[PDB]
Engineer: 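First the structure, then my questions, so here it is.
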Amino acid sequence: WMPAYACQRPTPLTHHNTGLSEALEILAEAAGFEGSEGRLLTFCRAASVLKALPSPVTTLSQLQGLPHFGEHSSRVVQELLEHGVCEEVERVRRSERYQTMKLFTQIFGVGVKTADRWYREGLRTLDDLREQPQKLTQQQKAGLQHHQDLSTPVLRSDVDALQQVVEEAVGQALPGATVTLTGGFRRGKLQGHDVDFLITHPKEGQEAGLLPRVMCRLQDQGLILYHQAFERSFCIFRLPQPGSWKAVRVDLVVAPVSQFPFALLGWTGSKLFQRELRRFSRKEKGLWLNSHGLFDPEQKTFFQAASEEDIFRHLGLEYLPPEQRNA
DNA sequence: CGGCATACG
DNA sequence: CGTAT
DNA sequence: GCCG
Ligand SMILES: [Mn+2]
Ligand SMILES: [Mn+2]
Ligand SMILES: [Mn+2]
Ligand SMILES: [Mn+2]
Ligand SMILES: [Mn+2]
Ligand SMILES: [Mn+2]
Ligand SMILES: [Mn+2]
Ligand code: NA
């Protein structure tokens, strides 16, 4: 009834087991802070399974036969159903380790490895990092200066304003170039942590060298608070606000039109959906998938795709629109 | 037991 | 090392 | 942590 891969099942943005999935995702996050990518994946997959169910889980027996639910995840759900709370989850929530690793890793420019080292050095707060800025990278300094704004949800209202701005700069850098909204907002989210745009041009090859020209024009407009030949740009935009402005994370990506379907698919997510899709492609179909193409290692050939529908078909999967990829 | 997605900056 | 979905 |  429930397939084992998230790419084999529709997962809507809103669902009927929110509390249960949120608890499992706490344990997944904590596993990541401890370097256990395997446990993170299992908890993430178990959480996604509940997101895909057609109704709320009310009894433990309803977990029988569901993929990725073993002793541990079942016990988590058991306690939530019996007591409305799971002791392990609550112990994680209030642990100093979890709170600090979450605070640090959410800084733009700080990963698990950096946060862990800082935690081992005794650092605990953002001000602890601001006291010794000589140890920070320019990227981390930007993420720390703008941390407050970057922790505020981006609204879909903000997205429309940014896209018009980006299209203006793209139109001058290369007439005919297009801008496509991707990421969580393409999946239907009403809020997000950043805005993701995919840029291409209908004439293969014309997109070459495009991103530097876009960035130069955005910077000349005074809209870039931070940015690093290249095809991905992780920036911080100055977004006008009522009588002021706020910093917003924006990702700009360029792909040739031949690769656009694969880049659209990859950058539309979700992260778990794409991991599962690539795992499915390799393990079940023997094909190698990334945001550039789909490769048959036997014939040593790349699949030509004109649309996302093409890609799902070449993997033998039923098509899922972006709104059903919220794994 | 091995595997766990796959890139770019 | 960071970043992305 | 779970699947195959
Ligand atoms: Mn256990
Ligand atoms: Mn009990
Ligand atoms: Mn995003
Ligand atoms: Mn992004
Ligand atoms: Mn490339
Ligand atoms: Mn093992
Ligand atoms: Mn993300
Ligand atoms: Na970070």
Side-chain angles (χ1 to χ4, degrees), chain A residues 2-7 24 27-28 30-32 34-49 63 65-76 88 104-118 136-137 139-143 181-187 189 192-198 211-212 215 226-227 229-236 249-255 259 262-284 287-295 308 322 325-327:
Chain A
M2 178 71 67
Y5 293 83
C7 57
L24 292 163
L27 303 182
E34 307 309 310
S36 300
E37 280 290 326
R39 299 175 77 252
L40 174 146
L41 270 176
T42 286
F43 286 132
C44 283
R45 293 163 179 167
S48 71
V49 168
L63 297 181
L66 291 185
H68 308 290
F69 271 95
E71 189 181 34
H72 200 142
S73 300
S74 294
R75 188 252 302 155
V76 173
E88 185 186 8
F104 285 175
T105 57
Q106 289 181 164
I107 301 169
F108 178 64
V110 179
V112 176
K113 275 149 183 167
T114 303
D116 176 65
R117 178 170 57 79
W118 290 350
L136 303 173
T137 64
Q139 187 180 53
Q140 292 162 353
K141 291 172 181 174
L181 178 66
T182 66
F185 288 107
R186 181 165 182 252
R187 301 197 307 275
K189 291 185 73 181
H193 304 123
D194 86 327
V195 189
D196 303 288
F197 291 112
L198 177 59
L211 198 49
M215 294 309 307
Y226 164 92
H227 70 128
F230 54 108
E231 63 196 39
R232 301 177 183 181
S233 179
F234 320 116
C235 324
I236 301 176
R249 276 275 296 105
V250 183
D251 291 331
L252 303 180
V253 187
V254 175
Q259 298 174 10
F262 301 96
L264 181 59
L265 183 62
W267 281 85
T268 296
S270 66
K271 170 177 176 179
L272 180 61
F273 189 97
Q274 296 304 308
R275 298 178 74 163
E276 294 276 290
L277 187 64
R278 295 168 183 192
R279 186 168 67 94
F280 175 89
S281 182
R282 182 179 282 268
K283 306 299 180 181
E284 304 300 328
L287 307 176
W288 301 350
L289 177 65
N290 61 26
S291 70
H292 297 12
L294 178 61
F295 182 72
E308 291 184 317
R325 305 177 198 165
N326 289 290

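We name chains A, B, ... by the order of the sequence lines, and we start the count at 1 in each one.
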Engineer: For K283(A) and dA5(B), give me the distance from atom NZ to atom P, rounded to whole Å.
Structural biologist: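 The answer, rounded to whole Å, is 9 Å.
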
Engineer: Below the 4.0 Å mark, does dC8(B) have OP1 or OP2 next to a side-chain nitrogen or oxygen of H292(A)?
Structural biologist: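 Answer yes for this pair, as a side-chain N or O of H292(A) is under 4.0 Å from OP1 or OP2.
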
Engineer: Starting at CZ of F230(A) and ending at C1' of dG9(B), how long is that distance when rounded to a whole Å?
Structural biologist: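 Nearest whole value for this atom pair: 10 Å.
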
Engineer: Identify whether any heavy atom of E71(A) sits under 4.0 Å from a base atom; if not, whether one sits that close to sugar-phosphate; answer base, sugar-phosphate or nothing.
Structural biologist: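 If one applies the 4.0 Å heavy-atom cut-off, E71(A) turns out to touch the sugar-phosphate alone, with no base involved.
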
Engineer: Base, sugar-phosphate, or nothing: which does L289(A) touch, judged by heavy atoms less than 4.0 Å apart?
Structural biologist: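 Sugar-phosphate: the residue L289(A), judged by heavy atoms under 4.0 Å, touches backbone atoms but no base.
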
Engineer: Counting the atoms with a prime plus P, OP1 and OP2 as sugar-phosphate, which does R75(A) contact under 4.0 Å by heavy atoms, base, sugar-phosphate, or nothing?
Structural biologist: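 Result for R75(A) = nothing.
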
Engineer: Could you give the start and end, 5' to 3', of the contact zone on DNA chain C for chain A, using atoms under 4.0 Å from its heavy atoms?
Structural biologist: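 Taking any atom under 4.0 Å from a heavy atom of chain A, the span is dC1(C) to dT5(C).
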
Engineer: For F280(A) and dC4(B), what is the distance between atoms CZ and P respectively, to the nearest whole Å?
Structural biologist: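 After rounding, the gap between these two atoms is 16 Å.
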
Engineer: Would you mind classifying the nucleic acid contact of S281(A) as base, sugar-phosphate or nothing, using non-hydrogen atoms under 4.0 angstrom?
Structural biologist: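 Nothing, no heavy atom under 4.0 Å.
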
Engineer: Chain A on DNA chain D: first and last contacting nucleotide, 5' to 3', under 4.0 Å to a heavy atom?
Structural biologist: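 It runs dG1(D) to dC3(D).
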
Engineer: Compute the centroid of each ring, for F234(A) and then for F108(A), and state whether the two points are separated by less than 6.0 Å.
Structural biologist: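 Not under 6.0 Å, so no.
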
Engineer: Restricting to ring-ring contact (aromatic ring centres under 6.0 Å, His included), what partner residues turn up for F185(A), sequence neighbours left out?
Structural biologist: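 Applying ring-ring contact (aromatic ring centres under 6.0 Å, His included) to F185(A) gives none.
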
Engineer: In whole angstroms, how far is the P atom of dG9(B) from the OH atom of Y226(A)?
Structural biologist: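 That distance rounds to 13 Å.
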
Engineer: Describe the nucleic acid contact of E231(A) in one word from base, sugar-phosphate, nothing, applying a heavy-atom distance below 4.0 Å.
Structural biologist: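 Sugar-phosphate only.
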
Engineer: Base, sugar-phosphate, or nothing for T268(A), non-hydrogen atoms under 4.0 angstrom?
Structural biologist: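 Answer is sugar-phosphate: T268(A) comes under 4.0 Å of backbone atoms only.
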
Engineer: Considering only the P atoms, how many Å lie between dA5(B) and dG4(D), rounded to the nearest integer?
Structural biologist: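 Nearest-Å result for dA5(B) against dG4(D) at atom P: 15 Å.
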
